[PDB]
Structure formats: structure tokens, C-alpha cells
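*Asks:* My file is coords.pdb. It has PDB, C-alpha atoms (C1' of nucleotides):
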```
ATOM      1  CA  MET A 116      46.752 -17.693   1.997  1.00  0.00           C
ATOM      2  CA  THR A 117      43.594 -19.435   0.853  1.00  0.00           C
ATOM      3  CA  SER A 118      42.093 -21.341   3.768  1.00  0.00           C
ATOM      4  CA  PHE A 119      39.101 -23.374   4.826  1.00  0.00           C
ATOM      5  CA  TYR A 120      37.148 -20.908   6.901  1.00  0.00           C
ATOM      6  CA  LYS A 121      34.475 -21.830   9.410  1.00  0.00           C
ATOM      7  CA  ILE A 122      31.722 -19.258   9.768  1.00  0.00           C
ATOM      8  CA  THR A 123      29.881 -19.360  13.055  1.00  0.00           C
ATOM      9  CA  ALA A 124      27.261 -17.412  14.888  1.00  0.00           C
ATOM     10  CA  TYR A 125      25.469 -18.013  18.146  1.00  0.00           C
ATOM     11  CA  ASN A 126      23.181 -20.932  17.564  1.00  0.00           C
ATOM     12  CA  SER A 127      23.500 -20.710  13.810  1.00  0.00           C
ATOM     13  CA  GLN A 128      24.149 -23.221  11.087  1.00  0.00           C
ATOM     14  CA  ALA A 129      27.895 -23.310  10.657  1.00  0.00           C
ATOM     15  CA  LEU A 130      28.960 -22.193   7.186  1.00  0.00           C
ATOM     16  CA  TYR A 131      32.255 -23.535   5.944  1.00  0.00           C
ATOM     17  CA  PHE A 132      34.137 -21.424   3.444  1.00  0.00           C
ATOM     18  CA  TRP A 133      37.294 -21.660   1.361  1.00  0.00           C
ATOM     19  CA  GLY A 134      39.141 -18.716  -0.125  1.00  0.00           C
ATOM     20  CA  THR A 135      41.260 -15.781   0.883  1.00  0.00           C
ATOM     21  CA  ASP A 136      41.038 -13.926   4.158  1.00  0.00           C
ATOM     22  CA  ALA A 137      39.722 -10.925   2.265  1.00  0.00           C
ATOM     23  CA  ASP A 138      37.333 -13.346   0.599  1.00  0.00           C
ATOM     24  CA  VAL A 139      36.033 -14.715   3.856  1.00  0.00           C
ATOM     25  CA  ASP A 140      35.709 -11.235   5.270  1.00  0.00           C
ATOM     26  CA  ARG A 141      33.539 -10.224   2.354  1.00  0.00           C
ATOM     27  CA  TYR A 142      31.460 -13.378   2.740  1.00  0.00           C
ATOM     28  CA  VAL A 143      31.047 -12.597   6.427  1.00  0.00           C
ATOM     29  CA  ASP A 144      29.829  -9.175   5.414  1.00  0.00           C
ATOM     30  CA  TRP A 145      27.320 -10.712   3.047  1.00  0.00           C
ATOM     31  CA  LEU A 146      26.051 -12.937   5.834  1.00  0.00           C
ATOM     32  CA  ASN A 147      25.898  -9.868   8.052  1.00  0.00           C
ATOM     33  CA  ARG A 148      23.956  -7.711   5.618  1.00  0.00           C
ATOM     34  CA  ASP A 149      20.904  -7.946   7.860  1.00  0.00           C
ATOM     35  CA  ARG A 150      22.046  -9.678  11.034  1.00  0.00           C
ATOM     36  CA  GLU A 151      22.009  -6.860  13.550  1.00  0.00           C
ATOM     37  CA  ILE A 152      22.769  -9.643  16.028  1.00  0.00           C
ATOM     38  CA  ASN A 153      24.289 -13.071  15.581  1.00  0.00           C
ATOM     39  CA  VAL A 154      26.878 -11.789  13.171  1.00  0.00           C
ATOM     40  CA  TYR A 155      28.605 -14.645  11.435  1.00  0.00           C
ATOM     41  CA  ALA A 156      32.272 -14.690  12.360  1.00  0.00           C
ATOM     42  CA  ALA A 157      35.209 -16.078  10.441  1.00  0.00           C
ATOM     43  CA  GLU A 158      37.548 -18.644  11.943  1.00  0.00           C
ATOM     44  CA  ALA A 159      40.630 -20.144  10.332  1.00  0.00           C
ATOM     45  CA  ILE A 160      40.475 -23.922  10.280  1.00  0.00           C
ATOM     46  CA  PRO A 161      43.793 -25.446  11.392  1.00  0.00           C
ATOM     47  CA  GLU A 162      45.662 -26.823   8.411  1.00  0.00           C
ATOM     48  CA  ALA A 163      45.695 -30.451   9.534  1.00  0.00           C
ATOM     49  CA  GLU A 164      41.914 -30.514   9.827  1.00  0.00           C
ATOM     50  CA  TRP A 165      41.419 -29.176   6.285  1.00  0.00           C
ATOM     51  CA  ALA A 166      41.009 -32.516   4.556  1.00  0.00           C
ATOM     52  CA  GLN A 167      38.028 -33.155   6.807  1.00  0.00           C
ATOM     53  CA  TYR A 168      35.953 -30.171   5.702  1.00  0.00           C
ATOM     54  CA  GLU A 169      37.402 -30.739   2.256  1.00  0.00           C
ATOM     55  CA  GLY A 170      34.846 -32.534   0.174  1.00  0.00           C
ATOM     56  CA  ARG A 171      31.990 -31.254   2.328  1.00  0.00           C
ATOM     57  CA  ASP A 172      29.715 -29.634  -0.215  1.00  0.00           C
ATOM     58  CA  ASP A 173      28.741 -26.992   2.338  1.00  0.00           C
ATOM     59  CA  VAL A 174      31.772 -24.860   1.504  1.00  0.00           C
ATOM     60  CA  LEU A 175      32.145 -21.828  -0.719  1.00  0.00           C
ATOM     61  CA  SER A 176      35.294 -21.664  -2.781  1.00  0.00           C
ATOM     62  CA  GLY A 177      37.781 -19.063  -3.935  1.00  0.00           C
ATOM     63  CA  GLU A 178      36.796 -19.759  -7.515  1.00  0.00           C
ATOM     64  CA  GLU A 179      35.279 -17.083  -9.764  1.00  0.00           C
ATOM     65  CA  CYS A 180      31.634 -17.853  -9.051  1.00  0.00           C
ATOM     66  CA  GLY A 181      32.220 -17.942  -5.298  1.00  0.00           C
ATOM     67  CA  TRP A 182      31.077 -14.326  -5.361  1.00  0.00           C
ATOM     68  CA  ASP A 183      28.035 -14.243  -7.625  1.00  0.00           C
ATOM     69  CA  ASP A 184      25.630 -14.676  -4.719  1.00  0.00           C
ATOM     70  CA  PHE A 185      25.368 -10.899  -4.359  1.00  0.00           C
TER
ATOM     71  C1'   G B   1      16.949 -42.846  10.155  1.00  0.00           C
ATOM     72  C1'   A B   2      19.207 -42.518  17.420  1.00  0.00           C
ATOM     73  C1'   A B   3      21.732 -37.290  20.538  1.00  0.00           C
ATOM     74  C1'   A B   4      19.488 -32.204  18.676  1.00  0.00           C
ATOM     75  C1'   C B   5      17.420 -24.422  21.950  1.00  0.00           C
ATOM     76  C1'   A B   6      15.426 -21.011  19.021  1.00  0.00           C
ATOM     77  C1'   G B   7      17.915 -19.242  20.898  1.00  0.00           C
ATOM     78  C1'   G B   8      21.533 -15.310  24.499  1.00  0.00           C
ATOM     79  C1'   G B   9      18.073  -9.673  25.210  1.00  0.00           C
ATOM     80  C1'   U B  10      16.070  -5.076  22.904  1.00  0.00           C
ATOM     81  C1'   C B  11      11.983   1.710  27.071  1.00  0.00           C
ATOM     82  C1'   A B  12       8.539   3.149  22.195  1.00  0.00           C
ATOM     83  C1'   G B  13       9.938   5.959  23.437  1.00  0.00           C
ATOM     84  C1'   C B  14      11.484  11.835  23.853  1.00  0.00           C
ATOM     85  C1'   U B  15       6.794  15.841  24.415  1.00  0.00           C
ATOM     86  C1'   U B  16       2.564  18.198  22.625  1.00  0.00           C
ATOM     87  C1'   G B  17      -3.211  24.075  25.628  1.00  0.00           C
ATOM     88  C1'   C B  18      -8.483  22.167  22.655  1.00  0.00           C
ATOM     89  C1'   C B  19      -7.818  25.953  22.166  1.00  0.00           C
ATOM     90  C1'   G B  20      -8.703  31.411  21.666  1.00  0.00           C
ATOM     91  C1'   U B  21     -15.182  33.043  21.945  1.00  0.00           C
ATOM     92  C1'   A B  22     -19.420  32.445  21.222  1.00  0.00           C
ATOM     93  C1'   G B  23     -26.752  37.108  24.103  1.00  0.00           C
ATOM     94  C1'   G B  24     -31.618  32.221  24.256  1.00  0.00           C
ATOM     95  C1'   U B  25     -32.715  35.507  22.960  1.00  0.00           C
ATOM     96  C1'   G B  26     -36.262  39.741  21.626  1.00  0.00           C
ATOM     97  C1'   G B  27     -41.696  38.584  24.053  1.00  0.00           C
ATOM     98  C1'   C B  28     -46.248  36.913  24.928  1.00  0.00           C
ATOM     99  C1'   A B  29     -53.491  39.346  29.657  1.00  0.00           C
ATOM    100  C1'   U B  30     -54.920  33.512  32.174  1.00  0.00           C
ATOM    101  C1'   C B  31     -57.822  34.257  30.354  1.00  0.00           C
ATOM    102  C1'   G B  32     -63.106  36.925  29.278  1.00  0.00           C
ATOM    103  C1'   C B  33     -67.515  34.696  33.821  1.00  0.00           C
ATOM    104  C1'   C B  34     -69.998  31.982  37.268  1.00  0.00           C
ATOM    105  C1'   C B  35     -75.759  33.716  43.572  1.00  0.00           C
ATOM    106  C1'   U B  36     -74.145  28.058  48.287  1.00  0.00           C
ATOM    107  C1'   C B  37     -77.644  27.681  46.212  1.00  0.00           C
ATOM    108  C1'   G B  38     -82.770  27.283  46.966  1.00  0.00           C
ATOM    109  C1'   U B  39     -84.462  24.345  53.043  1.00  0.00           C
ATOM    110  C1'   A B  40     -85.610  21.731  56.859  1.00  0.00           C
ATOM    111  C1'   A B  41     -84.026  21.360  63.109  1.00  0.00           C
ATOM    112  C1'   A B  42     -87.027  24.553  69.929  1.00  0.00           C
ATOM    113  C1'   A B  43     -87.003  18.640  71.718  1.00  0.00           C
TER
END
```
What would you get if you wrote out this structure as C-alpha cells?
*Replies:*
Amino acid sequence: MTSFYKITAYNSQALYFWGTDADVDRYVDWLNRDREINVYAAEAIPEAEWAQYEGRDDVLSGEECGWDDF
RNA sequence: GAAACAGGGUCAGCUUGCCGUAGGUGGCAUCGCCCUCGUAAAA
């Protein structure tokens, strides 16, 4: 169920993420700690496209440390 | 080392007596005084 997750907000730097759906939801929450507006939203990247964002260093992973940023 | 948004908006509002009062008073001779004078003018 781990997926490459795109994180978007109106006119905001896209943030690509990899992990579980619960993972991405928690990362969305962390991005939305302060954003009363422009709340980052999670989007599931279609499977075929995954290899593309794969490699891109701008992705957080469902590894242990992918959650120490709090 | 081309193309590239800071953006799409968001009541400072809602409302609040400067008031209740508070002698300018009590009061204090304008005085005490002083010659319009001495004077020249019936052409």
C-alpha cells in the first residue's frame, strides 16, 4: 500500500512523498501545522508513473527516519 | 543556465457616562484738599 505521493497546494512547491497512506496523511498534517490556507493535499501517483518520481531526491520515504522531522 | 504569480481573499471588529460635586470667596473711605484767579474793552 506504500505509494509515491504527490503533495500539492495552491501555488506551492510540490512535495513528493513515498510511504503508506497513513504515512502521507501524517506528513500532510505536518505540512499543515500552520497553513491555515494552502493546505498541502495528498495525491496518489499512478503506478506506471512511479519510476519517474523514483530517484528524485525530493521525496520522503516510508523508512524509519521518514518521521523524525517532527 | 531559456519558459517561470506570489499568489486565489480575510470587518477589527462586538460596545463602553467622564463621571457623580465641587462658595471666589470673606472684604477693603478715593482718598484727606485746592479762590478763575488777580485785569484790561464805551468806540
*Asks:* How far is it from CA of residue 152 in chain A to CA of residue 130 in chain A, in Å with one decimal?
*Replies:*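 Going from CA of residue 152 in chain A over to CA of residue 130 in chain A, I get 16.6 Å.
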*Asks:* I need the residue set behind the PyMOL selection byres ((chain A and resi 143) around 10) for this file; please write it as a PyMOL selection string.
*Replies:* chain A and resi 122-123+130+132+137-142+144-148+154-157
*Asks:* On this structure, the PyMOL selection byres ((chain B) within 12 of (chain A)) would catch which residues? List them as an MDAnalysis selection string, sorted by chain and number.
*Replies:* chainID B and resid 4:10
*Asks:* From the options A:171, A:120, A:184, A:128, which residue's atoms come nearest to residue 158 in chain A, counting all atoms listed in the file?
*Replies:*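 Using all atoms listed in the file, residue 158 in chain A sits closest to A:120.
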*Asks:* Applying 9 Å and only C-alpha atoms (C1' of nucleotides), which residues near residue 116 in chain A remain after dropping the ones on its own chain fewer than 3 positions away? List them as a list in words.
*Replies:*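 Everything that qualifies: residues 134, 135 and 136 of chain A.
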*Asks:* If you count only C-alpha atoms (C1' of nucleotides), which residues fall within 10 Å of residue 160 in chain A, apart from same-chain ones fewer than 4 positions away, as a ChimeraX atom specification?
*Replies:* /A:118-122,131-133,164-165,168
*Asks:* Write the residues of the selection above to a file with C-alpha atoms, as a PDB file, in the coordinates of the input.
*Replies:*
```pdb
ATOM      1  CA  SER A 118      42.093 -21.341   3.768  1.00  0.00           C
ATOM      2  CA  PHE A 119      39.101 -23.374   4.826  1.00  0.00           C
ATOM      3  CA  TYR A 120      37.148 -20.908   6.901  1.00  0.00           C
ATOM      4  CA  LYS A 121      34.475 -21.830   9.410  1.00  0.00           C
ATOM      5  CA  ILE A 122      31.722 -19.258   9.768  1.00  0.00           C
ATOM      6  CA  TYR A 131      32.255 -23.535   5.944  1.00  0.00           C
ATOM      7  CA  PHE A 132      34.137 -21.424   3.444  1.00  0.00           C
ATOM      8  CA  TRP A 133      37.294 -21.660   1.361  1.00  0.00           C
ATOM      9  CA  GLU A 164      41.914 -30.514   9.827  1.00  0.00           C
ATOM     10  CA  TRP A 165      41.419 -29.176   6.285  1.00  0.00           C
ATOM     11  CA  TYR A 168      35.953 -30.171   5.702  1.00  0.00           C
TER      12      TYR A 168
END
```
*Asks:* Just give me the gap between CA of residue 170 in chain A and CA of residue 183 in chain A in Å, one decimal is fine.
*Replies:*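 Taking CA of residue 170 in chain A as the start and CA of residue 183 in chain A as the end point, the length is 21.0 Å.
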*Asks:* Quick one: distance from CA of residue 117 in chain A to CA of residue 177 in chain A in Å, one decimal?
*Replies:*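 Those two atoms sit 7.5 Å apart.
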